[PDB]
Amino acid sequence: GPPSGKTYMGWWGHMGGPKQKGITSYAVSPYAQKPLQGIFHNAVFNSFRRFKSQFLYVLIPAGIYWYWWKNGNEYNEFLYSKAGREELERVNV
Amino acid sequence: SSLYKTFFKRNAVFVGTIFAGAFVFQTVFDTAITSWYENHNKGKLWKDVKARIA
Amino acid sequence: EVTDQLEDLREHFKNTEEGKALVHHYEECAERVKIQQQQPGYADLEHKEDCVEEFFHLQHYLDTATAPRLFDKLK
Amino acid sequence: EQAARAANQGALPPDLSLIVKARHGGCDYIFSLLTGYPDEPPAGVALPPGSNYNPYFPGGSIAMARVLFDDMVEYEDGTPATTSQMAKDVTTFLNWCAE
Amino acid sequence: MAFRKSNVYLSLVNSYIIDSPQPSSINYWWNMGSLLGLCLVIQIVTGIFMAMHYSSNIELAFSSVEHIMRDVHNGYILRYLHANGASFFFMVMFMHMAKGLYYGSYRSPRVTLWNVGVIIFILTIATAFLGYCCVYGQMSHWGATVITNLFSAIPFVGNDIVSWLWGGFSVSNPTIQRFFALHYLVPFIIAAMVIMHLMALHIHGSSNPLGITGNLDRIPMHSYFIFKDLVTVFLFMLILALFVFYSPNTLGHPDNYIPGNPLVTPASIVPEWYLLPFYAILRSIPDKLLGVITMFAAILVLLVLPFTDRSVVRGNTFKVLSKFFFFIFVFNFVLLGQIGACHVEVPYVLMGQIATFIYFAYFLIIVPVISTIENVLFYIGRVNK
Amino acid sequence: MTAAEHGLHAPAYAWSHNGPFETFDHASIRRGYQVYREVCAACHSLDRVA
Ligand SMILES: CCCCCCCCCCC(=O)OC[C@H](COP(=O)(O)OC[C@H](O)COP(=O)(O)OC[C@@H](COC(=O)CC)OC(=O)CCC)OC(=O)CCCCCCCC
Ligand SMILES: CCCCCCCCCCCCCCCCCC(=O)OC[C@H](COP(=O)(O)OCCN)OC(=O)CCCCCCCCCCCCC
Ligand code: HEM
Ligand code: HEM
Ligand code: HEM
Ligand SMILES: COc1c(O)c(C)c(C/C=C(/C)CC/C=C(\C)CC/C=C(\C)CC/C=C(\C)CC/C=C(\C)CCC=C(C)C)c(O)c1OC
Ligand SMILES: CCCCCCCCCCCCCCCCCC(=O)O[C@H](COC(=O)CCCCCC)COP(=O)(O)OCCN
Ligand SMILES: CCCCCCCCCCCCCCCCCC(=O)O[C@H](COC(=O)CCCCCC)COP(=O)(O)OCCN
């Protein structure tokens, strides 16, 4: 077939990024490393840092929507009781 | 030292040991679960009731 | 010789401190319904008072005390 | 179904092969229904003719009447056949019919 | 060259699951799309093995599903794995889509990939509805009644498309026989949308949680992301097995074990749990015609999101205000499901009218306004004048 | 709705088949069929059991 429209990604040898000069990388084999020394000092010390950074953006919305749900229940509980029969008659019509 | 050149090196060693070892795992694994299940619920089963009213 | 087990527990917990109060709140309320439609205006009135809620309050408590105990007495 | 209603004052008794799975509560509801008939309804409720009070039934008025009284069967193995005992067995038998 | 690169058929497998270049920093949220491919394989296989014992006639349908549960060897495993498998299929899709909302995967150059996804979501709601009716329980009969009668409000063609869907004058035997035949078909249309979906991903690749280019650091798929996908596959099967073998009727309704009876109505007619947010948007509008338009608009409003995001940064990683309002939208979607499982009663009518405004206002008023604010907040915090 | 229209909540008894490792008590099933044949079967069917 023919070539198609060009993209923002290529393949191995020509990936389309900028040219690199002056960066050096080092590594070691897995067979030469001690087994999984990365589970602990990571499930307590690091996992707590990750929790403390982001828990405020979830729990303030959750607190708003859960408080709104309970006040709706308790009011519906009350309207269909014997004490809340007179208020049920008004807010319907 | 020799625990690789005959036990792991090949993988006609290790497809054959895996597939062959999977069959004896099932028959041994099933007998052990079925014995623990029936002993944990002994007295409730039918064979225990049938043995109490002959 | 052996009477039913659930009435023995239902009667025992009606002497509970919580069980003594929930009885009389249902009774005093039964005496109120004796009159309110006995008066004229029998079936043309808009509504009239039952005592279903006071009966549910006693029954619900009596059921949370006898449920975890009963099946140890049955065979 | 025409003959079933003719013998029960218009109400139809359902099939019980799936009653444990087709009700909210399961085995706890079937048992409490049978042991839950009071001997006099609460003050105020006016029952239609041919119905009985059971507070576990939605509405509080059910066409079935009480059918379990003490020592109406004699068991082979010799267990005392009280009201609570017979109820525990039918609800265990009927769950096996569903599962 | 290697044989896997020169052969016509293996070259496609190599280019997609072996040598495909991937960003090194993608996290476990990028594993949900492989699970959705396993879900579709589970459903198509289990359903074909049940279809050998099923009967679609309205007098035989309910009793044929019980014949599968009692008489067929390993038949209760087939069904419960099928009924609970669909609830797991929808839960992984809500997480897949919410991921794209967060990291900006809908933006250019991946707009066409996001639009083919919205088509898959429509075809999967349709498939699940048609199969719930093949049971012909009490919820199966009255759910098809109230949904097919919504197309009666379309002006001048409403009463003719309903009699054409039903094949008569009510939900009846032509209705159940045609719902089963369409239900086998549509899963194979979904499988072709998935092929088109992957083709649109191969030309630009995946994004990453930082929202910048990934062409500077790439690793291949084989033995890094094949074995990272294997971690979540065995967790999926473990949690599914716990539901199929220990709690197989917790995510369903009891009234569907009663056979369908058109003379007796149930006290509460509700769908499955995953159509409840959309069932509550319908009841919020007090006019019949406008409620049907609004229910469908709630699915097609996802298509205007590439145009209302006015940010020069991709994703919500470095955005304070867009993080807070992403989670307002999530918990508003859960409250819509709760409202849809309640009675039409005070105050559950006003609660569902305010919460359906917050659903449409997020896409159209909130995103373009705070995205403009965040652009200008980055500028003045750095530039000295 | 009103509590009388929804019905009373059935309590939680301790059934011997509750739990992930427990079976039915098969002496109660046999004992329970006797209660079906002599009380219930006058007015109830069991059409799906062979
Ligand atoms: C009902 C049907 C569901 C069945 C499918 C279940 C799969 C759901 C997965 C949802 C998800 O994608 O959340 C991903 C998020 C992790 O984000 P991350 O890449 O930064 O963490 C990498 C980790 O640190 C390295 O962990 P590592 O690579 O070393 O090992 C992974 C292993 C856990 O290892 C441990 O012993 C503890 C470290 O297994 C797994 O973690 C399995 C994956 C859950 O998970 C989190 O831990 C935090 C987010 C909580 C999500 C809750 C909301 C969803 C409802
Ligand atoms: C059509 C509309 C579809 C909408 C469907 C909505 C329901 C979908 C439920 C899933 C919502 C969450 C999926 C989207 C989140 C993906 C991104 C993410 O991970 O969340 C951001 C947060 C922190 O991630 P970071 O900022 O650190 O990113 C860099 C990571 N290396 O990571 C987190 O902290 C995740 C915390 C999630 C907690 C909220 C759980 C939501 C489930 C509520 C269930 C309520 C009971 C049913
Ligand atoms: C131990 C014996 C019995 C058991 C366990 C039993 C079980 C049940 C159950 C579970 C229901 C349905 C309740 C509901 O839907 O909430 C029912 C309904 C009914 N049963 Fe029974 N049954 C028994 C015996 C009888 C007998 C002897 C009769 C004789 C007339 C009878 C007549 C009815 C009727 C008329 C209904 C319909 C209730 C209504 O529509 O209001 N039952 N039964
Ligand atoms: C995307 C794929 C599929 C989805 C999401 C899906 C969904 C469903 C659902 C939700 C039900 C009702 C479950 C219940 O409560 O019993 C159902 C029933 C059924 N489906 Fe599927 N289905 C899919 C594929 C298939 C296929 C390909 C077949 C092939 C015949 C099939 C055959 C059946 C049958 C026979 C039933 C009725 C038996 C039963 O109730 O389990 N399904 N389907
Ligand atoms: C049967 C249903 C689906 C299947 C099998 C599927 C499959 C996949 C796969 C394998 C990926 C690449 C890996 C990944 O990003 O997790 C992907 C990415 C993506 N999917 Fe889906 N998908 C499905 C449904 C959807 C839906 C419903 C949407 C949106 C409405 C969607 C939108 C996207 C987007 C935007 C991406 C790219 C994310 C990124 O690169 O950051 N897909 N899909
Ligand atoms: C981002 O990196 C990725 C990536 O991580 C992944 C996983 C994939 C691959 C992802 C997928 C989701 C795979 C696609 C899966 C499908 C399209 C599912 C298709 C499923 C079918 C067509 C079902 C086939 C089932 C049968 C034929 C049933 C057989 C039944 C029999 C034999 C029973 C016999 C009896 C009767 C009555 C017929 C990528 O393409 C990719 O991009 C590079
Ligand atoms: C959208 C539909 C899916 C399209 C296909 C994509 C998914 C790939 C399918 C799965 C891959 C398996 C392909 C087998 C690889 C070997 C092919 C091969 O050896 O090519 C052929 C022989 O293949 C055959 O005999 C028929 C193939 C049967 C296909 C089985 C269904 C060898 O031909 P070769 O490339 O060596 O050159 C000619 C030398 N005489
Ligand atoms: C009969 C069973 C069906 C199986 C075959 C599937 C074909 C269904 C077509 C689905 C259309 C998908 C459109 C969603 C994306 C829209 C956004 C976009 O810009 O993409 C569209 C993609 O459109 C198509 O996919 C149709 C091409 C035919 C496919 C032949 C393999 C841009 O391309 P296109 O030019 O085709 O659309 C604009 C028309 N001027």
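Basis for what follows: all heavy atoms, side chains included, without hydrogens, waters or symmetry-related copies. Quick note on labels: first sequence line is chain A, next is B, and so on, each numbered from 1. Indexing begins at 1, ligand by ligand and atom by atom, following the structure's order.
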Test applied, ring pair (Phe, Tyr, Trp, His ring centres under 6.0 Å); reference residue, E/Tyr103; option that passes from E/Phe326, E/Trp29, E/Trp30: E/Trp30
Who's the nearest protein heavy-atom neighbour of atom 4 (C) of ligand 8, and how far? E/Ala192 CB, 4.7 Å
If we count only non-hydrogen protein atoms and require a distance under 4.0 Å, does atom 28 (O) of ligand 1 qualify as touching the protein? yes
E/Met193: numbered ligand 8 atoms lying under 4.0 Å from its heavy atoms: 6 (C), 8 (C)
After noting the C-alpha distance and the side-chain angles of E/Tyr348 and A/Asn73, does the key distance pass the side chain to side chain donor-acceptor pair (under 3.5 Å) rule? CA-CA 9 Å; E/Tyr348 301 136; A/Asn73 263 337; 2.6 Å; yes
In this structure, atom 10 (C) of ligand 8 is nearest to the protein heavy atom E/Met196 CE, 4.0 Å
Donor-acceptor pair, side chain of E/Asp19 and main chain of E/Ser15, under 3.5 angstrom: no
Identity and separation of the nearest protein heavy atom to atom 13 (C) of ligand 8: E/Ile119 CD1, 4.3 Å
For the backbone of E/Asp229 and the side chain of E/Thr232, can you confirm whether one donor and one acceptor N or O come within less than 3.5 Å of each other? yes
What protein heavy atom lies closest to atom 3 (C) of ligand 1? Include the residue and the distance to one decimal. E/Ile239 CD1, 4.6 Å
Under 4.0 angstrom from atom 19 (O) of ligand 8, is there any protein heavy atom? yes
Sub-4.0 Å protein heavy atom next to atom 31 (C) of ligand 1: yes
Is the distance between the ring centroids of A/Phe45 and A/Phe40 under 6.0 Å? no
How far is atom 9 (C) of ligand 1 from its nearest protein heavy atom, and which residue and atom name does that atom have? E/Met32 CE, 3.9 Å
Where does the angle between the aromatic ring planes of E/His202 and E/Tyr16 fall among parallel (under 30°), tilted (30 to 60°) and perpendicular (over 60°)? parallel
Can you give me a line-by-line list of nitrogen or oxygen pairs between ligand 2 and the protein shorter than 3.5 Å?
unit_1, atom_1, unit_2, atom_2, d
ligand 2, 19 (O), E/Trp29, NE1, 2.6
ligand 2, 26 (O), E/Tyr102, OH, 3.2
ligand 2, 28 (O), E/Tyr103, OH, 3.2
ligand 2, 34 (O), A/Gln54, OE1, 2.7

Checking a contact table here: which protein heavy atom is nearest atom 4 (C) of ligand 1, and how many Å away? E/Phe236 CD1, 3.9 Å
Between the side chains of E/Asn332 and E/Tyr359, does any donor sit under 3.5 Å from an acceptor? no
Which of the listed options, E/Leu303, E/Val116, E/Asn115, holds the heavy atom that is closest to atom 16 (C) of ligand 8? E/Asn115
Testing the 3.5 Å rule here: is there a donor-acceptor pair between the side chains of E/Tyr257 and E/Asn249? yes
Kindly indicate whether atom 47 (O) of ligand 1 is approached by any protein heavy atom to under 4.0 angstrom. no
Pick whichever of E/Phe88, E/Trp29, A/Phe51 has a heavy atom sitting closest to atom 1 (C) of ligand 1. E/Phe88
Heavy-atom donor-acceptor pair, E/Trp114 side chain to E/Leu302 backbone, under 3.5 Å: yes
Any protein heavy atom at under 4.0 Å, with atom 13 (O) of ligand 1 as the reference point? yes
Out of E/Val231, E/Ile239, E/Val233, which one pairs with E/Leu235 under the side chain to side chain contact (heavy atoms under 4.5 Å, CB included) rule? E/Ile239
Which residue and non-hydrogen atom of the protein lie closest to atom 55 (C) of ligand 1, and at what distance in Å? E/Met95 CE, 4.3 Å
My question is simple, although I want it checked carefully: is atom 38 (C) of ligand 1 less than 4.0 angstrom from any protein heavy atom? no
Identify the closest protein heavy atom to atom 26 (O) of ligand 1: which residue and atom is it, and at what distance? E/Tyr28 CE1, 4.4 Å
Between E/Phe243 and E/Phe88, does the ring-ring contact (aromatic ring centres under 6.0 Å, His included) criterion hold? Intermediate values first, please. CA-CA 10 Å; E/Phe243 270 84; E/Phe88 277 60; 5.8 Å; yes
Atom CD1 of E/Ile339 and atom OG1 of E/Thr356: how far apart are they, to the nearest 0.5 Å? 11.0 Å
Heavy-atom gap E/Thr112 to ligand 8 smaller than 4.0 Å: yes
If you measure only the distance, is there a donor-acceptor pair under 3.5 Å linking the side chains of E/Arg178 and E/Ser56? no
Atom 42 (C) of ligand 1: nearest protein contact (heavy atom, Å): E/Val231 CG1, 4.0 Å
In terms of side-chain heavy atoms, does E/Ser311 have a donor or acceptor partner in E/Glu374 at a distance below 3.5 Å? no
Numbered atoms of ligand 1 (with element) below 4.0 Å of A/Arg50, judged on heavy atoms: 18 (P), 20 (O), 21 (O), 24 (O)
Which residue holds the protein heavy atom closest to atom 6 (C) of ligand 1, what is that atom called, and what is the gap in Å? E/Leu235 CD2, 4.1 Å
When you check the side-chain N and O atoms of A/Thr7 and E/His204, is any donor under 3.5 Å from an acceptor? no
Does the plane of the ring in E/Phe333 sit parallel, tilted or perpendicular to the ring in E/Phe329? Use 30° and 60° as the thresholds. parallel
